[PDB]
Amino acid sequence: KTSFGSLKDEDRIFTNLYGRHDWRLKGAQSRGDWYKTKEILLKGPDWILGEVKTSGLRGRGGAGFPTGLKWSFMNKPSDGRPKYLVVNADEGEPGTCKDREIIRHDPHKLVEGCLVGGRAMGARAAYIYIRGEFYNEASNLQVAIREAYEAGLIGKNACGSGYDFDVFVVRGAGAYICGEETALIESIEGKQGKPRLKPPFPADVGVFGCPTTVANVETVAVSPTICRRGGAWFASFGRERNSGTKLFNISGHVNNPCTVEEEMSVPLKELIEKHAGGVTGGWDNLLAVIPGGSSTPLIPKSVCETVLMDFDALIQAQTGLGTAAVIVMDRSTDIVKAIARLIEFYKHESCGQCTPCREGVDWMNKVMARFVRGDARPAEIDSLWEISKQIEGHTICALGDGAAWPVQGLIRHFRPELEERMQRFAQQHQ
Amino acid sequence: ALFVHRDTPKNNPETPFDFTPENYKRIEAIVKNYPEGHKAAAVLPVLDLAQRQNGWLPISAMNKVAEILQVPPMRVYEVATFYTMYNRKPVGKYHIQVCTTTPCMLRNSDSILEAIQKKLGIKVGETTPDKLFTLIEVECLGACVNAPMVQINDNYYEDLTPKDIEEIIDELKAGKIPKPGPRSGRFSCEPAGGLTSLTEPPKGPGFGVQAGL
Amino acid sequence: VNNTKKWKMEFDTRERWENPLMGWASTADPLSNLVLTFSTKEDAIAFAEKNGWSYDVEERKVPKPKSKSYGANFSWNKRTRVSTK
Ligand SMILES: NC(=O)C1=CN([C@@H]2O[C@H](COP(=O)(O)OP(=O)(O)OC[C@H]3O[C@@H](n4cnc5c(N)ncnc54)[C@H](O)[C@@H]3O)[C@@H](O)[C@H]2O)C=CC1
Ligand SMILES: Cc1cc2nc3c(=O)[nH]c(=O)nc-3n(C[C@H](O)[C@H](O)[C@H](O)COP(=O)(O)O)c2cc1C
Ligand code: SF4
Ligand code: FES
């Protein structure tokens with residue numbers, strides 16, 4: 001296959017994405033959830049890990065680590081400590097609202113994914129660290145978890161398989177860094193959400209000191225569909241090493257801002273002009289697209305014509321796929337104000353632990369706040385470039401990377417506009 | 001706005017705070033979600049329960065949470081100052097949170113922020129003198145396709161125009177509660193001009209389930 | 001730890017009294033500022049014995065090797081958990 005996209009409704013994993021069907025247990029069973037879960041649990045951990053490794057599923061959190069290779073790190077005998085699945089449900093990324101829709105409208109798919117994933121890794125329970133701001137979504141998930149305990153689908157003797165598995169929901173308290181996996185693990189432990197260093201990885205020392213996998217909502221909820229439909233079905237979509245379907249969050253300057261599931265290697269132009277009603281003012285009104293959420297660098301309009309919406313094609317476009325949350329910006333946008341507001345986000349959402357993020361992200365915000373007005377001179381663009389390179393790669397987690405990257409994309413694709421901003425400031429203020 | 005504490009007559013360790021007995025049962029249920037030996041993991045939900053009881057956290061809820069979990073009080077102070085939901089100041093009854101990050105700013109959240117300011121007569125950070133509304137300006141609330149949006153204490157009010165948020169503030173002043181959703185024609189997150197996807201009926205159980213299962 | 005690499009030879013500190021005029025620190029010890037530097041202890045002892053100086057020798061104190069584990073800060077069942085970070 002060469003052309004990707006136009007995903008048919010029979011291949012949608014996340015049916016009832018829009019709230020149009022019943023989200024509860026009787027509606028989830030009538031759409032395919034909890035079907036033959038006892039057989040999936042009885043076929044063992046190695047079979048489920050083989051079905052995830054066959055499927056080519058990469059981590060939907062945004063980094064794209066291979067899911068079966070990641071979960072096989074827990075496939076080891078116990079050392080006295082319990083094992084845990086921890087389901088990452090924070091989703092603080094600007095642009096991104098897909099995990100909100102999965103928790104809110106398909107909660108039993110997430111709970112069955114907790115059961116299947118924690119079966120595959122020998123995990124005792126599942127801690128769904130949901131975002132604290134998603135209160136109605138968290139109570140929604142708790143109603144579904146009560147329906148799953150009352151039906152015998154989880155808990156003592158889950159689905160009749162003899163494998164005991166609890167599911168807990170831990171609510172956050174308003175910290176974007178508590179979606180980072182080690183900071184999330186520390187936030188579950190009752191501490192400040194400060195990221196641990198790596199190594200130890202969570203498969204060695206995770207939550208409470210136990211072996212742990214931290215996985216996104218979307219990479220957990222697709223796993224019962226992968227284990228029912230087969231890994232070859234899921235690997236039949238997208239390019240090679242870019243398999244599956246992906247939820248896309250098209251927001252910003254589009255006609256119909258939507259959440260949609262689409263095939264993996266779909267073009268960006270096809271996605272925006274099909275599911276979002278196109279850019280406001282036409283495709284010629286397009287200025288730039290932040291492809292996959294705020295951490296990824298933007299791409300200008302010339303790159304958006306041909307680029308595919310998977311990991312490798314966006315890496316070749318010197319950006320990333322990320323959360324696949326498409327932020328569309330038209331020609332009427334002060335792009336320096338938008339990227340400086342994005343860096344203002346990244347200094348308000350920064351835990352202060354290591355020196356490069358704590359100091360340099362505030363310093364990049366001050367330089368970008370001067371760049372909006374133009375209160376600078378064009379040596380400071382290269383200064384800010386080197387400051388972004390000093391933050392990038394030198395931090396504890398990837399929020400330093402995620403703050404340095406939009407500055408780098410803005411400089412790389414809009415240095416002349418920054419320069420003319422500063423020179424009109426210089427001429428009308430002197 | 002200050003991450004140090006000073007004893008005022010309204011906020012001191014002799015300020016009366018105590019949980020209600022059903023809140024003690026809920027704290028028992030919270031603590032029984034964590035392993036024996038790691039009762040300190042229940043600091044965030046019990047402190048959030050203290051805030052949902054009291055409205056905000058004086059420094060007697062922090063000390064009570066430190067006492068009933070047997071953790072040091074500095075380790076509750078760290079958590080209360082780290083996370084932005086814990087109100088260390090007494091906020092109004094409807095704590096409006098306008099999201100002004102880039103996907104909401106691109107869809108004109110500044111219009112809604114100006115509308116709330118000229119509707120309430122306050123600015124960002126201030127509380128109305130009848131203690132009903134506190135307006136602050138927050139980061140991404142995770143409702144980006146329903147931009148522009150606000151949050152009023154638990155609820156997302158989405159797809160807003162200034163008329164919509166003035167209507168919401170009006171019927172909050174009337175003692176009623178509005179519906180937590182988009183204010184356009186759409187329901188949660190679909191395209192507004194009809195569904196571009198998931199129009200077929202879902203396939204039900206057993207569709208495409210592989211052999212050997 | 002760069003100042004802890006070489007052997008020093010100093011002497012006993014004699015009297016430092018107050019200048020009656022200015023309050024300065026007067027001395028009568030010529031060897032009060034005399035600090036020598038040696039590569040090894042044995043060179044220092046040979047130099048002290050060669051010059052007829054009575055000496056006494058402290059052995060070098062190296063810090064013992066420590067077992068550092070960042071994973072020990074987040075243990076399951078040990079007291080070595082950190083309460084914060
Ligand atoms: N989904 C969201 O709401 C957000 C997502 N992100 C995304 O987060 C990404 C950065 O996340 P990271 O976890 O720091 O990226 P990545 O370097 O670490 O690793 C991703 C996953 O692979 C695992 N892993 C990688 N190498 C491993 C090894 N040698 N041994 C064991 N496990 C290993 C990690 O434990 C982690 O769970 C960014 O690319 C960004 O797109 C960022 C912000 C918000
Ligand atoms: C600052 C920061 C914030 C993150 N926030 C989230 C998040 O909110 N939700 C999420 O699923 N992953 C988030 N991640 C990515 C996680 O570190 C991790 O890769 C992911 O949650 C689990 O891996 P997975 O992709 O295999 O599911 C964040 C990463 C960083 C650096
Ligand atoms: S880079 Fe920023 S987000 Fe990461 S550990 Fe450091 S202060 Fe925290
Ligand atoms: S940007 Fe306002 S909700 Fe995500």
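Below, chain A is the first sequence line, B the second, and so on; all start at residue 1. Quick note: numbers below take in every heavy atom, side chains included, and nothing from hydrogens, waters or symmetry partners. Indexing begins at 1, ligand by ligand and atom by atom, following the structure's order.
Using a 4.0 Å heavy-atom cutoff, A:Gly402 is absent from the residues neighbouring ligand 2. Contact annotation: A:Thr323 has at least one heavy atom less than 4.0 Å from an atom of ligand 1. Using a 4.0 Å cutoff on heavy atoms, A:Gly61 counts as a contact of ligand 1. Ligand 2 lies within reach of A:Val214, whose nearest heavy atom is under 4.0 Å from it. In this structure, A:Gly59 has no heavy atom closer than 4.0 Å to ligand 1.
Annotation for ligand 2: atoms under 4.0 Å from non-hydrogen atoms of A:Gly92 are 8 (O). For ligand 2, the atoms closer than 4.0 angstrom to any heavy atom of A:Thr219 are 27 (O). Of all atoms in ligand 2, numbered sequentially from 1 with element shown, those under 4.0 Å from a heavy atom of A:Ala398 are 31 (C). Interface atoms of ligand 1 facing A:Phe73, defined by a heavy-atom separation under 4.0 Å, are 30 (N), 31 (C), 32 (N). Close contacts between ligand 2 and A:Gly59 involve ligand atoms 24 (P), 25 (O), 26 (O) [criterion: under 4.0 Å to a heavy atom]. Taking a cut-off of under 4.0 Å to the non-hydrogen atoms of A:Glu91, the atoms of ligand 1 that pass are 3 (O). The ligand atoms of ligand 2 that sit less than 4.0 angstrom from a heavy atom of A:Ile177 are 1 (C). In the vicinity of A:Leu399, heavy-atom distances shorter than 4.0 Å reach the ligand 2 atoms 1 (C), 31 (C).
Below the 2.8 Å limit, atom 2 (Fe) of ligand 4 has as protein N, O or S neighbours B:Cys99 SG, B:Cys104 SG.
A salt bridge links A:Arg341 and B:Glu139; the closest N-O separation between the charged side-chain nitrogens and carboxylate oxygens is under 4.0 Å. Between A:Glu218 and A:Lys246 there is a salt bridge, since a side-chain N of the basic residue sits under 4.0 Å from a carboxylate O of the acidic one. Under 4.0 Å is where a charged nitrogen must lie from a carboxylate oxygen, and between A:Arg196 and A:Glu186 at least one such pair does. With salt bridges taken as basic N to acidic carboxylate O contacts below 4.0 Å, none links A:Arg100 and A:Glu91.
When non-hydrogen atoms are compared, ligand 2 lies under 4.0 Å from neither the backbone nor the side chain of A:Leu184. When heavy-atom distances to ligand 2 are checked against a 4.0 Å cut-off, A:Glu180 comes that close through both its backbone and its side chain.
Here the heavy atom of the protein found nearest to atom 16 (P) of ligand 1 is A:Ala63 CB, 3.7 Å. Protein heavy atom at the shortest distance from atom 25 (O) of ligand 2 is A:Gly61 N, 2.9 Å.
For the residues A:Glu181, A:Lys70, A:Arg131, the heavy atom positioned nearest atom 23 (O) of ligand 2 is part of A:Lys70. Across A:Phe311, A:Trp405, A:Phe201, heavy-atom proximity to atom 31 (C) of ligand 1 is greatest for A:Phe201. Among A:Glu181, A:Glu349, A:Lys198, the residue whose heavy atom sits closest to atom 37 (O) of ligand 1 is A:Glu181. Closest heavy-atom approach to atom 15 (C) of ligand 2 among the candidates A:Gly172, A:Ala63, A:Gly293, A:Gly179: A:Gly179. Considering only non-hydrogen atoms, atom 9 (N) of ligand 2 lies nearest to A:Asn88 out of A:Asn88, A:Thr395, A:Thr182, A:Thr323.
Below 30°, between 30° and 60°, or above 60°: for A:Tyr127 and A:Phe168 the angle between ring planes is below 30°, a parallel geometry.
Looking at ligand 1, you'll find an N or O of A:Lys70 within less than 3.5 Å of one of its N or O atoms. Here's the thing with A:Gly62: one of its N/O atoms is less than 3.5 angstrom from an N/O atom of ligand 1. Remark: ligand 2 and A:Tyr176 share no N or O pair separated by less than 3.5 Å (distance only, no angle test).
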Kindly list each side-chain donor-acceptor pair under 3.5 angstrom involving residues 105-116 of chain A, sequence neighbours excluded, with atom names and distances?
from: A:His105; atom 1: ND1; to: A:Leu17; atom 2: O; distance (Å): 2.9
from: A:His105; atom 1: ND1; to: A:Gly19; atom 2: N; distance (Å): 3.3
from: A:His105; atom 1: ND1; to: A:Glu101; atom 2: OE1; distance (Å): 3.1
from: A:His108; atom 1: NE2; to: A:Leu25; atom 2: N; distance (Å): 3.2
from: A:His108; atom 1: NE2; to: A:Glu147; atom 2: OE1; distance (Å): 3.0
from: A:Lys109; atom 1: NZ; to: A:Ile13; atom 2: O; distance (Å): 2.4
from: A:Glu112; atom 1: OE1; to: A:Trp34; atom 2: N; distance (Å): 2.8
from: A:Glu112; atom 1: OE1; to: A:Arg228; atom 2: NH1; distance (Å): 3.4
from: A:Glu112; atom 1: OE2; to: A:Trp34; atom 2: N; distance (Å): 3.3
from: A:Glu112; atom 1: OE2; to: A:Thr37; atom 2: OG1; distance (Å): 2.9
from: A:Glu112; atom 1: OE2; to: A:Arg228; atom 2: NH1; distance (Å): 2.6

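Heavy atoms from other residues, nucleotides or ligands lying under 6.0 Å from CZ of A:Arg81 number more than 12. Sparse packing is recorded around NZ of A:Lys53, with 12 or fewer heavy atoms of other residues, nucleotides or ligands lying under 6.0 Å away.
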- Verify side-chain hydrogen bond (donor to acceptor under 3.5 Å, both in side chains) between A:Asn249 and A:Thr259, making sure each step is shown before the conclusion. CA-CA 5 Å; A:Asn249 291 313; A:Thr259 300; 2.9 Å; yes
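Of the options A:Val328, A:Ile339, A:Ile335, a side-chain contact (heavy atoms from CB on, under 4.5 Å) to A:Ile290 is made by A:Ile339 and by none of the others. Tested against B:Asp159, the residues B:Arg107, B:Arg186, B:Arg183 include a single side-chain hydrogen bond (donor to acceptor under 3.5 Å, both in side chains) partner, B:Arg186. For the side-chain contact (heavy atoms from CB on, under 4.5 Å) with A:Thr67, the qualifying choice from A:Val220, A:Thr219, A:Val222 is A:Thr219, the only one to do so.
B:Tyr156 places a side-chain N or O within 3.5 Å of a backbone atom of B:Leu141 that can act as its donor or acceptor partner.
Side-chain N/O atoms of A:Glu180 and A:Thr182 include a donor and acceptor closer than 3.5 Å. No hydrogens or angles considered: nothing links the side chains of A:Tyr346 and A:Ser295 as a donor-acceptor pair under 3.5 Å.
No cation-pi contact links A:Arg171 to A:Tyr135, judged by a cut-off of 6.0 Å to the six-membered ring centre and 45° from its axis.
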